[PDB]
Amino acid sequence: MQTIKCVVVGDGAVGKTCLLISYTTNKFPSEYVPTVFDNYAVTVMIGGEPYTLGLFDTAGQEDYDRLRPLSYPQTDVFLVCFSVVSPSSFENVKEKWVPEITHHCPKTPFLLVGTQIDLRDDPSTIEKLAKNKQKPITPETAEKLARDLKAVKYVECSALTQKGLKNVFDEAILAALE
């Protein structure tokens, strides 16, 4: 049927590659997180109907302003990622990522995707952020930014744990169908 082009963007090190690999292979890469995720097409069943997802990663493209937009044409849904444990990546969502995909794909919906939630309760992680007078992003704070930036919605997941992983991509598909 229709093959839905879904592009994953956001700051480097927010785990875009890892969550794509975790979703498509069905297992978090215990070994050592691959850096490469090749374009991949997967059929997924949603509410009784099968759909085809075309997945594109953008890692490595973050600091090259004229190369990144080359992945954008014909996108049906964007996953704008930020690590709920990296304040800077959250800020970049409204300062960098949304302004850019809105400019290149005005009619293209996007989801705000909270990443690495398994770390939000990790003592050591909380502690290091605290030394910088920072705290992890709460879903409440994310949901607010989601409304302000007019995202179809906010979703969270953990590549390691797989909590909320399937759902993220089910919503991506649903959002593209509208």
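The numbering used is simple: start at 1 and walk along the sequence shown.
Of 145 to 153 and 111 to 119, which one has the bigger average CA B-factor?
Comparing 111 to 119 with 145 to 153, the higher mean C-alpha B-factor belongs to 145 to 153.
On average, which has the higher Cα B-factor in the deposited entry, 100 to 108 or 83 to 91?
Here the higher of the two C-alpha B-factor means belongs to 100 to 108.
Based on the PDB record, which member of 67, 55, 59, 46 exhibits the highest Cα temperature factor?
By C-alpha B-factor in the record, 46 ranks first.
Within-chain third of residue 124 by Cα B-factor, per the entry:
As the PDB entry reports it, the C-alpha B-factor of residue 124 lands in the middle third of its chain.
Third assignment of residue 8 from its chain's C-alpha B-factors
CA B-factor rank for residue 8: lowest third.
Would the CA B-factor of residue 51 place it in the lowest, middle or highest third of its chain?
It falls in the middle third of the chain.
What third of its chain, lowest, middle or highest, does the C-alpha temperature factor of residue 38 fall into?
According to the entry, residue 38 has a C-alpha B-factor in the chain's lowest third.
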